[PDB]
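# Structural overview for review
So you can see what is in the structure, the chains are spelled out below.
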Amino acid sequence: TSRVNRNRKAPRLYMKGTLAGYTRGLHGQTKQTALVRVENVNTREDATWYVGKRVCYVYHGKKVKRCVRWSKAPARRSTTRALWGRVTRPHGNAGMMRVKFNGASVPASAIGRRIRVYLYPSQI
Amino acid sequence: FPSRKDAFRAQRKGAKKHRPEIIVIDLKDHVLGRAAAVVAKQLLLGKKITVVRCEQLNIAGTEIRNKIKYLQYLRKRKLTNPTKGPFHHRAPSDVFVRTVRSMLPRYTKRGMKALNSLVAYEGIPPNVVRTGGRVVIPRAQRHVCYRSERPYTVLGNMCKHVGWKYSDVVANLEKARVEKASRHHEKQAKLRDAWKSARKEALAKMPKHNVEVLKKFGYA
Amino acid sequence: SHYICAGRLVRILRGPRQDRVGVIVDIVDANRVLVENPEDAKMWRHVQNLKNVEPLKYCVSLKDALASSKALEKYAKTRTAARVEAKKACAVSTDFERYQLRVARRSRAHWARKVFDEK
Amino acid sequence: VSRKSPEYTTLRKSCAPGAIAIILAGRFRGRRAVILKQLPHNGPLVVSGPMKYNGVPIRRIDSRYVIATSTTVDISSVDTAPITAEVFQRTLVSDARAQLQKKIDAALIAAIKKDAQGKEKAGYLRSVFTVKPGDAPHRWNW
RNA sequence: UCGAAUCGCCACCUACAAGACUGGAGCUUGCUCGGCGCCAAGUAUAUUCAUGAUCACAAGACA
RNA sequence: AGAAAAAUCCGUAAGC
RNA sequence: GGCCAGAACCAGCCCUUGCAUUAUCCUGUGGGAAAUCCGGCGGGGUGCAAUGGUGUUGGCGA
RNA sequence: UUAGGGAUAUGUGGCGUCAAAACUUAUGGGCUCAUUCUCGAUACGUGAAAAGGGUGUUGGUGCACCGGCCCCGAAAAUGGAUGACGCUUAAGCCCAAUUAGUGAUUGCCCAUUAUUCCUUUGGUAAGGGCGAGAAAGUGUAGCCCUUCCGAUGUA
Ligand SMILES: [Mg+2]
Ligand SMILES: [Mg+2]
Ligand SMILES: [Mg+2]
Ligand SMILES: [Mg+2]
Ligand code: NA
């Protein structure tokens with residue numbers, strides 16, 4: 001006669017990060033490398049585990065353009081989009097990472113927003 | 001106050017009530033500058049934060065020293081037209097917000113968004129009381145930041161002595177709130193004890209190897 | 001509170017010898033002490049800072065005196081040693097063991113619900 | 001031994017046949033399956049749920065999208081699964097595919113049942129993996 | 001219109017105070033005697049999952 | 001999407 | 001479509017104990033219970049070495 | 001100390017926020033409380049003298065002196081400046097480390113510099129040749145291929 005809420009929906013399968021900015025000094029920034037902070041990763045030994053993984057940055061646009069499985073699975077068509085990258089090396093003593101996006105830079109409109117870090121691309 | 005168009009859109013869509021992820025920080029017995037620096041960095045990293053009990057922050061030194069500092073700040077005004085000059089806010093929540101604003105990059109849209117992501121109160125208001133547990137910042141607490149022999153000041157007393165007519169109002173509201181919460185927590189003691197007893201008794205009825213695993217991992 | 005004195009048993013907080021138990025054998029100064037423990041292989045005589053120790057409630061008064069006092073058995077019996085061993089067990093664990101712990105906890109929660117409803 | 005030989009392999013030692021893997025990507029992300037073999041010429045792995053435990057059929061998966069755990073089950077099955085079973089010409093399942101799946105699943109379930117801790121391993125295969133708020137996969141071992 | 005980004009929830013947290021302070025005694029004054037949640041409503045005897053064909057925004061939701 | 005709001009009736013985070 | 005993606009392999013590049021000295025030393029056998037300390041006798045841890053290629057699997061394109 | 005671009009590593013200067021780096025490191029030692037321009041706190045350079053006192057120490061001996069930090073000496077004209085906020089179990093001052101008495105090696109951040117890779121251009125240039133391709137050639141859409149070094153600049 002006592003019930004609880006049980007979470008039996010689709011699983012997550014990635015870690016939640018946040019863009020922090022780009023690499024920079026006192027003179028300005030270089031936009032081709034980005035800094036990402038991941039939750040519960042707070043040491044350089046921890047951030048070493050994630051080198052080679054793949055990161056996403058999901059957002060949305062204004063109109064429906066083409067996606068990966070446009071023809072098969074027409075249930076995927078949406079205004080949602082994504083921009084993939086990869087982790088290259090740690091950035092300090094406290095568990096930050098340097099990521100490199102494929103063929104361009106991540107836009108600066110993403111600076112305070114959420115980044116997905118997946119477990120697979122280098123499994124082990 | 002929502003617009004009639006916003007209300008109509010909500011009614012037509014039919015979605016349920018929504019609340020974003022907000023962290024509520026109990027700022028009692030925290031060091032003002034260290035708390036401000038930590039909160040500013042988190043706001044820039046993209047968090048929504050609400051701070052309560054801003055009138056019980058701490059500063060180091062004597063109240064006379066800190067009051068003289070504030071009066072020196074208050075002495076600055078644009079001589080040619082004071083209605084343009086610096087505006088000196090007297091409430092503790094405004095003092096905290098100004099410290100954070102000076103630690104942010106305020107003349108940029110990014111810094112403006114960060115500053116608007118923050119809400120500050122005195123005491124704990126009714127719309128915040130029942131939203132979940134409050135947090136602390138362990139690297140900015142007085143009992144680990146100050147040596148015990150040295151004097152310190154409470155922000156509420158200094159702000160009362162430079163202005164701030166609402167100290168007694170806040171005191172009365174806080175006393176009433178604590179009384180109500182104490183009554184509620186004195187209730188439910190039987191329910192808490194009943195749940196603890198049920199947890200203790202279920203061990204005798206669950207399977208033995210499960211009990212063994214629990215004992216091995218320390219949840220016994 | 002527990003005092004710092006000769007023969008007092010302490011636990012190490014951080015460092016390569018953390019969560020280990022030793023005996024204070026000499027007070028060098030207000031900040032440093034010398035610690036040894038014949039039972040542990042890594043605890044030969046060395047210098048420890050007083051910011052890195054936690055005094056316990058046992059004070060022997062070396063191997064013969066320690067064995068006679070039998071403070072090691074009492075420390076093994078108390079609840080702090082249990083918590084430390086449980087922390088090591090949780091640290092060294094596999095996916096299968098995490099699954100076993102999860103099902104054990106779910107079983108206990110279910111039976112607690114049933115008992116509460118019965119009462 | 002020869003680099004271009006069909007029997008060549010490089011796959012790491014944790015993905016030995018009979019191991020239990022966590023699927024990290026695709027339609028069956030989060031599920032746990034059993035590694036059956038590796039297709040030749042350093043090819044993909046082959047996994048089975050078995051079905052009726054988690055719903056994963058015989059499928060091809062690259063070893064980079066799987067966490068191979070230390071829990072295994074001893075398997076001695078016939079393994080008549082070449083790459084032709086997966087290649088195809090240029091709710092709907094072929095008779096050959098359905099029969100092969102039936103035979104393999106029968107053998108696998110018999111082996112799991114025979115193994116000690118078998119009930120626990122069946123529940124383990126039924127369970128689902130997810131990343132929760134507050135846990136660090138980089139600190140665990142599997 | 002509108003498809004969109006966000007991915008823990010709770011009448012057990014959502015009361016309070018102190019760190020030269022922490023359960024109760026003794027004198028010998030330093031010695032002695034959060035809870036749940038993660039795939040059978042619950043740890044067993046069961047049961048549908050493919051062809052969405054080897055990654056792709058989770059083709060799924062607002063427990 | 002964040003209220004110095006609220007949590008037969010009326011009156012009691014109680015007995016009501 | 002070499003248009004966009006994934007994995008694999010070659011080449012290259014970046015990374016990732018020994019022997020010397022062991023002595024103001026170690027160890028048994030008048031002063032301040034014991035220890036710290038000072039004369040007699042006996043036994044014994046730091047300088048070197050160890051981008052370029054060659055196919056394969058999907059998506060979009062009738 | 002400077003051709004057009006990647007990657008790796010540094011110099012000067014730094015690692016509480018602004019602002020990249022110790023998510024405010026250390027399992028290092030001492031000292032200091034400063035009430036209206038004023039406790040300190042990046043040289044060049046932009047804050048001060050005689051004299052006098054508080055807290056920590058040092059010669060002497062049977063009280064005197066003599067240094068560290070802080071206070072007094074220290075008074076101007078628009079409201080204002082360790083860059084701002086702030087900091088005192090420092091985010092100050094003088095020393096010293098690199099994950100800490102556990103045992104060989106480099107905590108990390110940032111250049112138009114260093115190393116390396118790709119491309120251009122010029123030589124007091126150096127070699128080779130004569131299925132689509134080759135001209136005995138200063139200078140081109142350079143006859144073809146390989147190799148090494150330099151590249152800023154007012155009159
Ligand atoms: Mg110059
Ligand atoms: Mg920073
Ligand atoms: Mg020139
Ligand atoms: Mg000219
Ligand atoms: Na400065």
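What the deposited record gives as its method is cryo-EM, and the resolution it gives is 2.89 Å.

## Points about the packing of helix α10 (residues 189-201) of chain B against helix α4 (residues 95-118) of chain C
Running from N to C, α10 of chain B and α4 of chain C cross one another at 125°; their axes reach a closest spacing of 8 Å. Here α4 of chain C runs oblique to α10 of chain B, going by the angle between their axes. Between α10 of chain B and α4 of chain C lies a crossing of right-handed hand. Contacts between α10 of chain B and α4 of chain C involve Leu191, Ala194, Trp195, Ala198, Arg199 and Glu201 of chain B on the former and, on the latter, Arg108, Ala112, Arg113, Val115 and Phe116 of chain C. In terms of residue class, the contact of α10 of chain B with α4 of chain C is made up of 7 nonpolar, no polar and 4 charged.

## Focus: the packing of helix α11 (residues 208-217) of chain B against α4 of chain C
For the pair α11 of chain B and α4 of chain C, the least separation of the axes is 9 Å and the interaxial angle reads 115°. Accordingly, the angle class assigned to the pair α11 of chain B and α4 of chain C is roughly perpendicular. At the point where α11 of chain B passes α4 of chain C, the crossing takes the left-handed sense. Within the contact between the two elements, α11 of chain B uses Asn210, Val213, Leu214 and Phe217 of chain B and α4 of chain C uses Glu97, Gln100, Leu101, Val103, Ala104, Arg105, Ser107 and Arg108 of chain C. Class assignment of the residues belonging to the contact of α11 of chain B with α4 of chain C gives a composition of 6 nonpolar, 3 polar and 3 charged.

## Considerations on the packing of aromatic side chains
With a centroid separation of 5.4 Å and an interplanar angle of 10°, the aromatic rings of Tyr57 of chain A and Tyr59 of chain A are classed as stacked. Aromatic pair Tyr120 of chain A and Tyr65 of chain D: ring centres 5.2 Å apart, planes at 50°, arrangement tilted. Taken as a pair, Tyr120 of chain A in the segment after β7 (114-118) and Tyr65 of chain D in the loop between β4 (59-61) and β5 (66-72) lie in two separate chains rather than in one. Aromatic rings pair up to connect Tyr14, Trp84, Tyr118 and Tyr120 of chain A together with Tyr65 of chain D into one cluster. One cation-aromatic arrangement involves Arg142 of chain B over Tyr152 of chain B; the distance from NZ or CZ to the ring centre is 4.2 Å. Over the face of the ring belonging to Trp44 of chain C we find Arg17 of chain C, whose NZ or CZ atom lies 4.8 Å from the ring centre.

Quick notes on the rules
Residues numbered from 1 in each chain as written, not as in the entry; some residues may be left out. Chains lettered and ligands numbered in written order. Part of a larger assembly, values for the part shown. Heavy atoms only, no water. Residues with missing side-chain atoms left out of burial classes, pairs and counts. Axes fitted to C-alpha atoms, helices over the stretch in contact; angles between N-to-C directions. Helix = DSSP H or I, 4+ residues; strand = E, 2+ residues; numbered from the N terminus. Parallel < 35°, antiparallel > 145°, perpendicular 65-115°, else oblique. Left-handed = near helix turned anticlockwise from the far one by under 90°. Contact = heavy atoms within 4.5 Å. Nonpolar A, V, L, I, M, F, W, Y, C, P; charged D, E, K, R; others polar. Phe/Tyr/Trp six-rings, centres within 6.5 Å; stacked < 30°, edge-to-face > 60°. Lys NZ or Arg CZ within 6 Å of the ring centre and 35° of its normal.

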